[PDB]
Every structure is written in structure tokens, then in C-alpha cells.
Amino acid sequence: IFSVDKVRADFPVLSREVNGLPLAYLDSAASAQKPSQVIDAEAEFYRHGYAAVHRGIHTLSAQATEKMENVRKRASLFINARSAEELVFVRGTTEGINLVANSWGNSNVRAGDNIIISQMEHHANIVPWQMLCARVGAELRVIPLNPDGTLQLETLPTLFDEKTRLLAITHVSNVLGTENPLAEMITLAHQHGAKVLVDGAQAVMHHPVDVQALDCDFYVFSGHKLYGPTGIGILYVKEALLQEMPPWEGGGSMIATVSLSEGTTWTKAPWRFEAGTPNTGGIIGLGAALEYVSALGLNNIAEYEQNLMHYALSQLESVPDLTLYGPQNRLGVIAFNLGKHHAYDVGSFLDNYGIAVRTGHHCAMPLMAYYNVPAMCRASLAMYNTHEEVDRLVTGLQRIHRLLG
């Protein structure tokens, strides 16, 4: 099982000091810190086996190509996709959603159709669908929230109809920490012939994820939140849908033939969706990140994190005038407001105490609006965070209270 202290000693940024104080990094929901195994796997790859990966003859290139197709496989196993060919390497969740929206969206959603998202979505699971609806004349319908941060599921009967082509929904909210009941919802959507895109940017680091049990048609996530590098993410599409999708970006490596007088032909899935040099260094790093989480055990992480969350919720009970947002069973993040202070001031005092939290709309304006607040403060409690970091948060909020109140 889990030793938080052994885990923290893998993360070099956690030794840092900030504003002369010891960093309490509580913003892993925005981007996670990377263990040195991740950092060094990327660096070693650049120091020793670097080459172009376009299935080259020469050795380094042939080896780099295989290391990359191994990360594809490993990622596919990590989410239990049926095969490696169902995963497309993207820049991150956001790019993965725009690829679906354009490639699948353009040939499957028509004027008069509708698409459903929820009021808790992140802007990455909003904007691309908004753009698709404008382009084709479809309607974007929304599942409303309940006060407690959970979706009003009683509204589906009225949102799902025979024009519903897609449900795009978050696994886990980045502000509320709510986990949506994806499997039952996917069951429902599928009964109307609607596909489901699952945004799992805040799910893959907290517990095991199984796309076959989910039965989601599309699943997306980013590496930088899952202790990996930036610039790399994964888009999973069911083989049967991926095989009919037309290309989105065009260029090198995604074509089979290119003619200036007979036109161009495409290569097969997944490679049809990856144009030009891939972020090979980010792919190697992402494989390291996946091996590092799998070796900790998602179920040991989940367990440590859950207990940390319970500890935090319980101590925050003694911060006066604290508003929490979201369900009690929240995963990963704690979204809150302190009395009437603007979150911006609350996060500047916390920052000034060496405590990193995220403050603002969190790329979720419609969720702020639902709560009728312009912004919120948010703490992430990841696998490398401690009781002591929690205590500093509580104390800092109490002091912010005393001083500004």
C-alpha cells in the first residue's frame, strides 16, 4: 500500500519554497506535479534514443516508433479499451473534444438536431459543441444542476428525443468533484441512438477507469493532470465509430497517397487522425506517468485521497463563514468561498502563505452562474498532499477571516 512520504520524495517540486515559505501545492486539478521518473524518462529519451518516428528504416527511428506504439497500447490497457487502435494521441482533453466535434460532429449532427451537455461542464466540453451547433444549425441542450452540485437527472426525459445525436458529459467535475453516473446515463442515451462523449480530465488520476464497462463512445483526458508532461493527451473512440470518422488535421503521416491531380487517400485509424510529427517526448513521458500510477495502484491512491478528503472536510468545519460547493462525496477538489471576501483576495492571502489554490471561474462560467458567484476558490487534494498541508489551509482561512472580517 500507499506511503504518502515515499510518494512525495519522487516529486522534486514539493521540496520548493515559495515567497520564502514551504510550498503547499493544492492546485493539481489545474495541472499536476510530475515525479522524477516521468521527468527523466522524457529526458533520457532525448539524451539517448531521439529520432523522427515516422516508421523509419534507421535504428533510432525504428526504435522511437515502437516506444510510441507501446505507449498507445499501455494507455489503451490503462482505460481498458479493447485495442490500442482505439486511442488517438492529442494535445490534451480540449484538442480531443474539438477533434470529435469536427470529425464526427460535422458528419452526424444536422440542422434541427440537438446535443446535450450539463451545466457543470468545463469550457472544453462546451465551446466545441457550441461551435458545432452554430456551424450546422443544431441545438445545445443542458442538464441543469441541483444545489448540491449533482445533475437534475429527472430532466433527461425532456432533453433526450429522436433528434439527440450526442450526450457530452463530465466524468468528474473540476470544481464540484461530483462523479456523474455515466453508465446509467450512457444506457439512456444509447436507447435514443445518441452517442456519448465522456470528458474524463478529472477522473483518470483518482480511480480505475474502464471504457468497456462504461460503454462510452468517446473518452478524453490529459497527461499533465495525470502526473505527466504537457502537450499530450488521449482520445479513445470505439473502433466502429473511429473507423468511419473522416480526418480532421491533414498532412504528413495521416495520408496513404497524395496526388495533386488525383486527390488524396487516407491511412487507417488511429493514424488517420495524427498529422505531422507527434509530440514524441510527451508520449514517452506519458508512458512513464502511466507506469508510475499503475505501480502506486489506483485503488491505493483513491483510498489515501478519500481519507485525505474526509480529513479536510472535517477540519474546514471550524473555518467560520465558509461556503462549500458540491456534494459531500466529492472527489479531488474542494470549491469554496470565505464569507464575503472575493475569492481573488482569499487566494492572494493563501498564496502569500505559500499555499497554491486556484481562484476564479475555473473554466466553468455556467457553473459559477448557477451558484450566482463570479468566482470561487478551489483546493486540490491529490495523492502527494498531506494532513499538514490541509491544516495550513484551514489555519490560513481562519486568519484570512480574522483579518479581513
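Residue numbers here begin at 1 and follow the sequence given.
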item: Missing-residue flag, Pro327, threshold a third of other entries; value: no
item: Missing coords for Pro208 in a third or more of other PDB entries; value: no
item: Stretch with the greater mean C-alpha B-factor as recorded in the entry, comparing 139-147 against 227-235; value: 139-147
item: Higher-scoring stretch by recorded Cα B factor average, 90-98 or 75-83; value: 75-83
item: Of the residues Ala51, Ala379, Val373, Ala30, the one carrying the largest Cα B-factor as recorded; value: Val373
item: Top residue by Cα temperature factor, when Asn300, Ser253, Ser222, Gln119 are compared in the entry; value: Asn300
item: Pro366 - Cα temperature factor, lowest/middle/highest third of chain; value: lowest
item: CA B-factor ranking of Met205, expressed as a third of its chain; value: middle
item: Within-chain third of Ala289 by Cα B-factor, per the entry; value: middle
item: Chain thirds of CA B-factor: placement of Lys195; value: middle
item: B-factor third for the C-alpha atom of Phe273 within its chain; value: lowest
